[PDB]
Amino acid sequence: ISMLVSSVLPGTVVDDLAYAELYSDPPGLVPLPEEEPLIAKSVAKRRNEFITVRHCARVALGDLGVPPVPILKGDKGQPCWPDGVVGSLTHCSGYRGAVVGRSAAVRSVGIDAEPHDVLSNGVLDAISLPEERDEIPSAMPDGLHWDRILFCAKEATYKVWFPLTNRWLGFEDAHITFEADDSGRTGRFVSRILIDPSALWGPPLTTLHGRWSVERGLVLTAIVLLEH
Ligand SMILES: CC(C)(COP(=O)(O)OP(=O)(O)OC[C@H]1O[C@@H](n2cnc3c(N)ncnc32)[C@H](O)[C@@H]1OP(=O)(O)O)[C@@H](O)C(=O)NCCC(=O)NCCS
Ligand SMILES: [Mg+2]
């Protein structure tokens, strides 16, 4: 099938990026030796997911011109990319995906996949602002689980943010606004950061523009920031 993450990478960015995805855990994918301590005591389902996602990452790197390398885990769980590379990883039920780019062209990337299923009201209240719960249902087509799409967009926001700030970003630290395309299955979002927006260097992260998509029972979101 066609790759789902394509739908949330706009033309302005897609040619600076490489990506790969899978919808299962193929047998005989293996970790690189350096990675094995990370999943040595993990349950098989996590072990295999980890392996598959790292495999997608190396396939994408390969497309970028980067030889296969181990991808370790940093201090706050972030992937350790090779120098000169930025990227993002995501998994959920029925999806494993990776997007990478060269850091000379791409400042940061965050992606996230979720099942297109409802969230509990308890979760919705923890991850949303009162104003989002008022605004989004009007912006989004009936039938979309906009609670999950919101949640997915917030997680993508953190992933694009952390490599540029090395600071925490909570769910109530960004206000997300949505629009829907005519298809009703794709659209844009903007995350407005509500805390100190300063990057470690360069321009501040004040308003982050992303894309969302619903297809094959999945929500995909992505934010891509280019180097200017
Ligand atoms: C870490 C988190 C963002 C992961 O998102 P998720 O949708 O639950 O799970 P995903 O499978 O999509 O993503 C997991 C991957 O995120 C990546 N990740 C973890 N921490 C990260 C960080 N600090 N920066 C960037 N990427 C990170 C990892 O690569 C991980 O996979 P791996 O363990 O195989 O290497 C999420 O679990 C979380 O804890 N969020 C709290 C922060 C947040 O979302 N704030 C909202 C800001 S508006
Ligand atoms: Mg997710």
Side-chain angles (χ1 to χ4, degrees), residues 1-14 17 19 21 23 88-97 99 108-162 164-165 167-197 204-226:
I1 65 176
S2 304
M3 289 195 167
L4 309 184
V5 75
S6 298
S7 55
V8 291
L9 304 175
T12 54
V13 299
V14 69
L17 297 169
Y19 41 99
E21 62 187 40
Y23 319 97
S88 188
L89 305 172
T90 190
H91 97 288
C92 61
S93 181
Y95 187 84
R96 289 85 177 88
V99 178
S108 189
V109 179
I111 70 178
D112 200 274
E114 293 287 325
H116 185 233
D117 292 341
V118 300
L119 290 168
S120 74
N121 283 332
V123 169
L124 176 59
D125 290 347
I127 65 88
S128 67
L129 300 168
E131 295 77 19
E132 292 170 324
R133 299 193 291 274
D134 300 341
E135 291 165 356
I136 292 170
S138 316
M140 294 285 273
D142 279 27
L144 295 176
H145 304 298
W146 62 260
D147 49 349
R148 184 76 71 151
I149 298 175
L150 178 62
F151 177 62
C152 188
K154 301 242 176 170
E155 298 176 301
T157 298
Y158 173 79
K159 293 183 190 176
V160 77
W161 159 275
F162 178 84
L164 295 183
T165 65
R167 290 188 286 117
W168 170 252
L169 186 70
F171 291 97
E172 303 208 344
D173 298 336
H175 184 161
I176 301 191
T177 300
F178 281 92
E179 25 221 15
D181 298 332
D182 296 334
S183 81
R185 305 184 118 85
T186 61
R188 305 187 303 269
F189 70 86
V190 186
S191 305
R192 178 89 183 309
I193 301 299
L194 306 178
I195 56 160
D196 174 11
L205 303 205
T206 55
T207 63
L208 307 175
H209 293 255
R211 301 283 317 200
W212 61 273
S213 182
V214 172
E215 189 47 64
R216 303 196 187 263
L218 297 167
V219 180
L220 264 55
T221 59
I223 299 161
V224 181
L225 305 175
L226 295 178

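By convention here, the first residue in the shown sequence is residue 1. These numbers come from the heavy atoms of this one structure, side chains and all, not from hydrogens, waters or symmetry mates.
Looking only at side-chain heavy atoms (C-beta outward), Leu144 and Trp212 come within less than 4.5 Å of each other. Taking the side chain as every heavy atom from C-beta outward, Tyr19 and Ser6 approach each other to under 4.5 Å. Counting heavy atoms from C-beta on, the side chains of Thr221 and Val8 never come closer than 4.5 Å.
Within 6.0 Å of CG on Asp182 lie no more than 12 heavy atoms contributed by other residues, nucleotides or ligands. No more than 12 heavy atoms of other residues, nucleotides or ligands lie within 6.0 Å of CZ in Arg192, so this atom counts as exposed by the packing criterion.
Using a distance-only test at 3.5 Å, with no hydrogens or angles considered, a donor-acceptor pair links the side chain of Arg167 to the main chain of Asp196. Distance alone, capped at 3.5 Å, places no donor-acceptor pair between the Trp146 side chain and the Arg133 backbone. Between the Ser88 side chain and the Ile111 main chain, a donor and an acceptor come within less than 3.5 Å of each other. Remark: side-chain polar atoms of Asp147 are paired, donor with acceptor, to backbone N or O of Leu119 under 3.5 angstrom.
In this structure, OG in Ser108 is found 11.0 Å from CZ in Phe162, a value given to the nearest 0.5 Å. Atom CG of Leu220 and atom SG of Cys92 lie 7.5 Å apart (nearest 0.5 Å). Taking CD1 from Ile136 and CD1 from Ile176, the interatomic distance works out to 7.5 Å, rounded to the nearest 0.5 Å. Between the CG atom of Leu169 and the CH2 atom of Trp161 there is a distance of 5.5 Å, given to the nearest 0.5 Å. Atom CZ of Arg96 is separated from atom CG of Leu89 by 12.0 Å, given to the nearest 0.5 angstrom. Here OG of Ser191 is found 11.5 Å from CG of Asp173. Values are rounded to the nearest 0.5 Å.
Considering only residues two or more places apart in sequence or on other chains, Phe189 meets the ring pair (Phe, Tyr, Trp, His ring centres under 6.0 Å) condition with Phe178. For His116, the ring pair (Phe, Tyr, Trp, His ring centres under 6.0 Å) partners two or more places apart in sequence, or in a different chain, are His145.
The two atoms that bring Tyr23 and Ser2 nearest to each other are OH-O, 3.9 Å, heavy atoms only. Minimum interatomic distance between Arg211 and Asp181 (heavy atoms only, all atoms of both residues): NH2-OD2, 3.0 Å. Nearest heavy atoms, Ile193 versus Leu205: CG1-O, 3.2 Å.
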If you look only at distance, which donor and acceptor atoms sit under 3.5 Å apart when one is on a side chain in residues 148-156 and the other is two or more places apart or in another chain?
from   : atom 1 : to     : atom 2 : distance (Å)
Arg148 : NE     : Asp117 : O      : 2.9
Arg148 : NH1    : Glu114 : OE1    : 2.9
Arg148 : NH2    : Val118 : O      : 3.1
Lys154 : NZ     : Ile127 : O      : 3.1
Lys154 : NZ     : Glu132 : OE1    : 2.9
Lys154 : NZ     : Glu132 : OE2    : 3.0
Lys154 : NZ     : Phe171 : O      : 2.8
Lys154 : NZ     : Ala174 : O      : 2.9

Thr90/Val5 under side chain to side chain contact (heavy atoms under 4.5 Å, CB included): CA gap, chis, key distance, verdict: CA-CA 11 Å; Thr90 190; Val5 75; over 6 Å; no
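A side-chain contact (heavy atoms from CB on, under 4.5 Å) with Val13 holds for exactly one of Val224, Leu225, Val109; it is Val224.
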